[PDB]
């Protein structure tokens, strides 16, 4: 009979939607302060889905970092759960890169540094995100230089120190790690593989692994079969390629960690190591990357 969200917050327009959530702008009425309310209708959830919802809420409460969405409040009502986050208004990172038109390695390095700081924080708190991908990288605001914010802890899991386990087949196909595809025990390194996929896209605007046949895609991932083809990779610094190679290492025990990646010279010495040259082809490809993503989901939604 307690209805604290209904009593104290006013909902406005939809900011986004998930498979089983809607995110609406809300205002804490007494304060006049805006937030984002992630709302899950709980009336028809299975027992396992309740457990996943409770897990996301616990993990979101735990994570306080400048590059991670920040939970303000959490409210349970009869048929609804509300996760109330600080509002981020900059939209998706990849949409912003295209909209601002110009992009260099130095920009990509600054961006992946923030993603790695967020990932490191998760890992230091015993959380593996498992779903790092462009759609979960938001920007804090429309201000130039706004912070990247890692979002959507709906697939995140809790690990104990460095122990690996079969935590299940979860994630998004193009970002899945070899160890997950092999059904091997896994842990924190899965996030660094995904970071390597993201970094590759930030440099050239298309994904390292891509095949319409998903069986073949997974074969390519498991084989680590990516390339740095000419001409676009000819102008990418050796240090950027080196960091990608170390993230896209099939053996998760040899794959670079978030802490180590933050010390890599292309990150830590970005001002002297990363190229400042604008990469027009990268932005043009990213525009098509974003378009293919949108149509893939919209063509399936219409089917």
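Positions refer to the first chain, counted from 1.
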- 2 to 10 versus 294 to 302: which one carries the higher mean Cα B factor per the record? 294 to 302
- Please work out which of 104 to 112 and 177 to 185 has the higher mean CA B-factor as recorded in the PDB entry. 177 to 185
- Choose from 38, 278, 70, 269 the residue with the greatest Cα B-factor as stated in the PDB record. 269
- Of the residues 215, 81, 149, 129, the one carrying the largest Cα B-factor as recorded: 215
- Would the CA B-factor of residue 135 place it in the lowest, middle or highest third of its chain? middle
- Message: By the recorded C-alpha temperature factor, relative to the other modelled residues in its chain, which third is residue 209 in?
- Response: middle
- Message: Can you tell me whether residue 229 has a C-alpha B-factor in the lowest, middle or highest third compared with the other modelled residues of the same chain?
- Response: lowest
- Considering only modelled residues of the same chain, in which third does the CA B-factor of residue 256 rank: lowest, middle or highest? middle
- Message: For the chain shown, is the CA B-factor of residue 154 in the lowest, middle or highest third of its modelled residues?
- Response: middle
